[PDB]
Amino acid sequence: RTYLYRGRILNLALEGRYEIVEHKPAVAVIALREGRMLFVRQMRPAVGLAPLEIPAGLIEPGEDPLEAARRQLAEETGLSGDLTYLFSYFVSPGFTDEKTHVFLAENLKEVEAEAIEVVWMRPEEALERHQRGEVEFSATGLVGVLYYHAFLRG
């Protein structure tokens, strides 16, 4: 593997003819309260709009997935809860190695009081708005919505 670029959040390398973007692993947190899911929105220059996502971020040096999940939840929403590991996925294995570890958060407590907008919304409504073309989803946002519809309903 030969490198063409070493950046802040990514490296661009060539492995033969394959173009590979190395990227730090990430975490995402699914949280439900009173039937609303905890979504967040922020300007995303890469896409030119603010898609509906769930608390997420990169895992930093020294941190493991669970710890990063805690930090991202607190830094983006000011909350903490009991986290449980759910599953993981590669965002787009065809060109990048970014892997995302998803956690479920329960018994949320506000521990703190912005570039990131906190958007509490019933998953049913998020799905409907998307179907109506009013909002876009990030992989984490869609995963949160589908996960809810599959195992957390009522």
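Just count from 1 along the sequence shown to find any residue number.
Trainee: As recorded in the PDB entry, how many deposited residues are without coordinates between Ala113 and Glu114: none, 1 to 3, 4 to 9, or 10 or more?
Mentor: The entry has a gap there, with 4 to 9 residues left out between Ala113 and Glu114.
Trainee: 31 to 39 versus 125 to 133: which one carries the higher mean Cα B factor per the record?
Mentor: The stretch with the larger average C-alpha B-factor is 125 to 133.
Trainee: If you average the Cα B factors in the entry, which is higher, 139 to 147 or 14 to 22?
Mentor: According to the PDB entry, the answer is 14 to 22.
Trainee: Which third of the chain holds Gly57 when residues are ordered by C-alpha B factor: lowest, middle or highest?
Mentor: Middle third.
Trainee: For the chain shown, is the CA B-factor of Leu108 in the lowest, middle or highest third of its modelled residues?
Mentor: It belongs to the highest third of the chain when residues are ordered by C-alpha B-factor.
Trainee: Would you mind checking where the Cα B-factor of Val47 ranks among the modelled residues of its chain, as the lowest, middle or highest third?
Mentor: Highest third.
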